[PDB]
Amino acid sequence: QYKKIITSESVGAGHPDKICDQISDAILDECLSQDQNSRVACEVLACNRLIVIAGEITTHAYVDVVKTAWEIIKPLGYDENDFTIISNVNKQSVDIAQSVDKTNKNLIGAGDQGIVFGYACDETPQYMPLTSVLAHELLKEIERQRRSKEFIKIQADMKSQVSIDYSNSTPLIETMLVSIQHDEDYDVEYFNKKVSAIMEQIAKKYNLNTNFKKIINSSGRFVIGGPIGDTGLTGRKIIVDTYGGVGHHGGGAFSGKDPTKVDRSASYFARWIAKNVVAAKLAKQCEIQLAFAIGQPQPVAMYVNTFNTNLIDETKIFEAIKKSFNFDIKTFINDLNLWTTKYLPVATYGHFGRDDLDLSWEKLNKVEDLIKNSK
Amino acid sequence: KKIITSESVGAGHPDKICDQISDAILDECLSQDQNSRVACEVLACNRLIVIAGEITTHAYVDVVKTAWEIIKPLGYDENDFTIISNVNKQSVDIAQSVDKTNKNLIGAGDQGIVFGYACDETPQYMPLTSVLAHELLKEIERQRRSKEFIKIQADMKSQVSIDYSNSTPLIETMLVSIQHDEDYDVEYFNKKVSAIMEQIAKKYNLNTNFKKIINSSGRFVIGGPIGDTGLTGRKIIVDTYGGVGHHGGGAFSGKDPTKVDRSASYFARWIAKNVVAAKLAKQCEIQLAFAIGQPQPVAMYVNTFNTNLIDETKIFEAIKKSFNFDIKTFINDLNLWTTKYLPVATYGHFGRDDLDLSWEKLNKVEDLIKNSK
Amino acid sequence: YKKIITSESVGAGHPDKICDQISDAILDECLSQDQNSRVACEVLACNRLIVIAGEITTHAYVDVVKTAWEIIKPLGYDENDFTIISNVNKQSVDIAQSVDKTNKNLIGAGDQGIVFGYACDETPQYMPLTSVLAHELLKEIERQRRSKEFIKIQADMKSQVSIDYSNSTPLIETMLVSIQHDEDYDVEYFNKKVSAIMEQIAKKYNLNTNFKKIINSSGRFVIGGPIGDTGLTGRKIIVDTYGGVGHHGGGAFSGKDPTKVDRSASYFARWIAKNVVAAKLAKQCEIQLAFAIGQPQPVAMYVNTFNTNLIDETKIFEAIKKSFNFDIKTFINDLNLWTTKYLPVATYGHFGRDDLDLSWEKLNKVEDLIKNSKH
Ligand SMILES: C[S@@+](CC[C@H](N)C(=O)[O-])C[C@H]1O[C@@H](n2cnc3c(N)ncnc32)[C@H](O)[C@@H]1O
Ligand SMILES: C[S@@+](CC[C@H](N)C(=O)[O-])C[C@H]1O[C@@H](n2cnc3c(N)ncnc32)[C@H](O)[C@@H]1O
Ligand SMILES: C[S@@+](CC[C@H](N)C(=O)[O-])C[C@H]1O[C@@H](n2cnc3c(N)ncnc32)[C@H](O)[C@@H]1O
Ligand SMILES: C[S@@+](CC[C@H](N)C(=O)[O-])C[C@H]1O[C@@H](n2cnc3c(N)ncnc32)[C@H](O)[C@@H]1O
Ligand SMILES: C[S@@+](CC[C@H](N)C(=O)[O-])C[C@H]1O[C@@H](n2cnc3c(N)ncnc32)[C@H](O)[C@@H]1O
Ligand SMILES: C[S@@+](CC[C@H](N)C(=O)[O-])C[C@H]1O[C@@H](n2cnc3c(N)ncnc32)[C@H](O)[C@@H]1O
Ligand SMILES: [Cl-]
Ligand SMILES: [Cl-]
Ligand SMILES: [Cl-]
């Protein structure tokens, strides 16, 4: 059919790529709790019966990577004998470190080159694309019910996908799709009814229609799951972690990385700018691209896109942003308290628009400055 | 000439690194849970350490931290090895055989044969060859750590040959190989080793004119797991009697006392040592054989190598009357659930007058003398 | 008061023996491609991991995965049962310069150490009866497992044979076997098969058939192989040699090229001892040889005939010195060790193998020993 049907996904806490992101970030959190000058780039692979914990860490901390891994996998139903754990923790290259640690100048140089995008829109109270919001809410509710035993005979590996029709000014849900790992002895009629009710409850929470197509466990059988069914790796859900394919992406993964890795810290910074632009009613949608060079303390380029939804001249938005924000890396890392933020909570259900958390980059504390500086 | 030879290896020898990590892990399990079942095996090669085996316990052991405790005093750091942790549980089929329904019994954790040995050559009741080989390396490693012997590393081996042709033993050869720094001074090194060798000979009142073989390869800069792969249980002759005693093939390190390879070997040593200390024989070797799940040995043989000072049958009888052969009972008699095993993972499990081991105590001499009437 | 001596064996599916077989299969492949290979291959097999490690310098290429599958497939495993880790380091150049003398007609010993060779006149193999019987039991069971004459068993197994030497005719005191069996086995059939095999082996050696039989004493052995117990190369050195009747110097054989004197000098010492006994110079003979790394001959030797010498001990010692060449390169060549296949000795012992044709088992030095013992 000829329609503007846009679709986003989410994955659950027992999805194998997400297991890896959680182990990465739990390891990071333990390092930063002990040593706020740590350099951490922790990458995890989970396949069949092997978890590999790798990457580059220089720190005065000590993290028990096995115990950390068990903290992620035990609430999903795994035990201490399910995986071989390989710890292959190298140090940070001293050639990278000397570029980042500009001790001479009181600066932080970017930890790599790269491009990041921040995005926000006015479709939801979270300032996020509705497709992404709904996809995450479905899986958060299913996992909440799995743990409380309100939804029985399911497991933690799951995925969702939500399609919205934006052909006219009011969004309508077109399709909600979920796949949930289930026990062998499940009752498919009970399962279908539980999923259908969750789907309707999420639609009603956002005041949307309830007569959309429902695709429920389309494979027809999902008993094998987690890393047994599919290999996970850190940073393989970067679109689920961000804006569901509505926002552009520069390719950088977040989990496992300390704030000197601009892939993470500048992504958060760009979100904070974009969200405040939209909350200030300067635009309905805003995307901020920032580019970096390794060792340089400021971005090498910036572009601001308001998708023709700017309410004032784009040059005044651009100017207001430059006057309201500090683009020095060390400074924005400190402005967002990134050394003392806990990252494990954002390793599932997305890093942005988390009205269930209290993230620095989600604060609307720049609206007044943007309004004043746009005049 | 009658020339007998034994060896030892140092704390940085790669097989011994593995034995030490195995026993360190075991000691941590038993400190938390005295009913742990542990069979921890370790491999160290180039830049990989693999920690494996079968553990069922209430304890939690940080295997990485434990491994670092062994390798850091040898000069390694946290980025030298990838560590693989592959801890499986104990087979429930083995467990039901060991943990009897009758809760007063422990079944043997496997079949097997063990040998215990003792002789009257040293105050340790050990072969002189083995005693000297270990003492050389203990002194070198002591000096490495105190910095009295500089520009050496922890991987080392020794080998001592004794001439037993006459009634006084004579040292024939002492051999040492010690990993050394690239910028070492070979003259200083040779002089230090020569003096250590003489100091050990003098400590045992022996001759000091023996052949000395010092770093025969001519260069030993590459060492530890980089130079040679280590595995747990690959130094079982060094761990025991230096080739003078027989061996049944079972390794010690990493095993809880329900593994009779370990606990019955200790028990057999305790018997043999007390037999010799009681002056029933000059040398005594005790063989015990086991069957998995059975609480007592299925066979025993006592060999005194024609050095018995009383009838062999009376020794055999005195042993049967003086010791309890029930596994659970001898484990408890030797306090094996609360003994620390790390200290015996280097420099041998027997004749350690530097330690205080239950199986080395001469507390059965009076019983053996009384029961040999 | 009975004199009861006991020795053991293990089967081809015993996890330590799996490791010895993979080690020697890798060695055999290296030597088939490059007769100057230096090989020290060590293997670990746990739960679901096989690690192939050690030090190899060669022009050969060995597919270690394919080689491991060649050992494990006839035992019932498949390509998805194990993760395989290949960690092949090169031989230390510091060892190599000591072994490979500039004088190209010499080989220096690959290490220090002590080895023992042993032989006795109890069996046609010139081996302890206890060891011979223990191996024969498991060879026959494994033969029947493969031909399907003995059903519902698996390849992990052990034996232990106790002989009563109190009288001039040996008596079997106990035969013990443990065999991994299927869940749905019939214990009555299983006990009858094992009992018959035990009797058949006794009758083959003209021994009594009324001995104690200990058959699967654990009462259940369904879990086995590396799942039930961790294997490592070189952890059955007494099973590989003389069953605890002969002394041992601690060196393992499997995975090692002939420049490793732990292997080649052990074979040489066996060859000497066996020929001494076959020449009727003694009923039992044990030869100890000691080495120093880089030196082309032994640094010590001791000959023990256990008071069974039929001529003066000094003449035995002299006859040995006159009949054998103790230069390492020379005895390696005399035993054709560069072209012998080692896989066949990785199960059921390296000595007294009347089922194989090994150079170190040949009685081709009897004539020299007799001649050189007279004057
Ligand atoms: C264990 S950390 C801290 C040790 C000591 N506390 C200090 O301040 O030096 C030292 C180095 O270990 C390496 N490493 C290996 N495994 C590690 C882990 N599990 N936790 C932290 N560092 C690890 C990192 O490269 C790190 O820089
Ligand atoms: C379908 S798998 C990916 C392809 C897979 N690696 C293969 O070898 O074909 C990706 C994700 O889908 C989910 N999945 C796994 N098995 C599934 C099934 N049987 N039905 C539905 N979804 C499943 C899990 O979340 C898994 O991470
Ligand atoms: C961690 S332990 C103890 C858990 C808990 N305290 C209890 O009593 O149940 C549980 C199982 O973890 C397995 N395991 C895996 N890695 C381990 C490790 N590093 N330390 C101890 N047990 C380990 C052993 O199989 C053990 O029986
Ligand atoms: C000689 S190496 C063993 C053979 C070795 N795996 C190979 O690839 O030839 C065994 C031991 O001797 C010692 N070693 C290593 N390099 C040596 C050298 N260059 N000189 C003398 N001894 C050495 C170490 O203690 C090591 O564990
Ligand atoms: C692959 S081999 C031979 C390559 C080439 N044919 C030649 O003669 O140089 C070269 C080195 O690779 C290493 N290597 C790593 N894995 C190996 C393997 N699987 N088989 C053989 N050598 C291996 C050994 O250290 C060996 O000395
Ligand atoms: C008993 S296991 C060794 C100790 C063991 N690793 C543990 O965790 O207790 C040693 C060998 O005995 C045999 N074995 C394994 N399970 C057995 C069973 N249930 N009954 C009898 N023998 C078994 C296998 O050959 C295995 O290699
Ligand atoms: Cl996926
Ligand atoms: Cl060695
Ligand atoms: Cl075993």
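Only this structure's heavy atoms are used, side chains among them; waters, hydrogens and symmetry mates stay out. In each ligand, atom 1 is the first atom listed, and ligand 1 is the first ligand listed. Convention: sequence-line order gives letters A, B, ...; per-chain numbering from 1.
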Run the contact test for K256(C) against ligand 4 with a 4.0 Å cut-off on heavy atoms, strictly below, and give the result.
->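 For ligand 4, residue contact (heavy atoms, under 4.0 Å) with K256(C) is absent.
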Test item, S92(C) contacting ligand 4 (heavy atom, 4.0 angstrom) |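 Contact absent.
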With a 4.5 Å cut-off on side-chain heavy atoms, are [Y] and [X] touching?
X	Y	result
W338(C)	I332(C)	yes
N215(B)	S177(B)	yes
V260(B)	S263(B)	yes

Record the part of [X] in heavy-atom contact with ligand 6 below 4.0 Å; permitted values are side chain, backbone, both and neither.
X	value
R37(B)	neither
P15(C)	side chain
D156(C)	side chain

Please confirm whether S178(C) comes within less than 3.5 Å of ligand 6 when only nitrogen or oxygen atoms on both sides are compared.
->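 The answer is no, given that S178(C) and ligand 6 share no N or O pair closer than 3.5 Å.
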Answer yes or no: is there an ion pair linking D100(C) with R38(C), defined by an N-O contact shorter than 4.0 Å?
->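 The answer is yes: the pair qualifies as a salt bridge.
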Face-on cation placement of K192(B) at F149(B) ring, 6.0 Å and 45° thresholds =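 Output yes; distance and angle both within limits.
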Which protein non-hydrogen atom lies closest to [atom], naming both residue and atom, and how far is it?
atom	result
atom 19 (N) of ligand 6	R220(C) O, 2.9 Å
atom 8 (O) of ligand 4	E55(C) CB, 3.4 Å
atom 3 (C) of ligand 6	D229(C) OD1, 3.6 Å
atom 14 (N) of ligand 4	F220(B) CZ, 3.4 Å

Determine whether any heavy atom of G224(C) lies closer than 4.0 Å to an atom of ligand 6.
->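 No, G224(C) has no heavy atoms under 4.0 Å from ligand 6.
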In terms of ring plane angle, is the pair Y267(C) and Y342(C) parallel, tilted or perpendicular, where the classes change at 30° and 60°?
->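 It falls in the parallel class, under 30°.
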How are the rings of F190(C) and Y185(C) set to each other: parallel, tilted or perpendicular (split at 30° and 60°)?
->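 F190(C) vs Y185(C) ring planes: perpendicular.
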For atom 12 (O) of ligand 4, which candidate among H180(B), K157(B), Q91(C), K235(B) holds the nearest heavy atom?
->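 The residue whose heavy atom sits nearest atom 12 (O) of ligand 4 is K157(B).
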Element-labelled atoms of ligand 4 that are located less than 4.0 Å from some non-hydrogen atom of [X]:
X	result
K260(C)	7 (C), 9 (O)
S217(B)	18 (C), 19 (N), 20 (N), 21 (C)
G110(C)	1 (C)

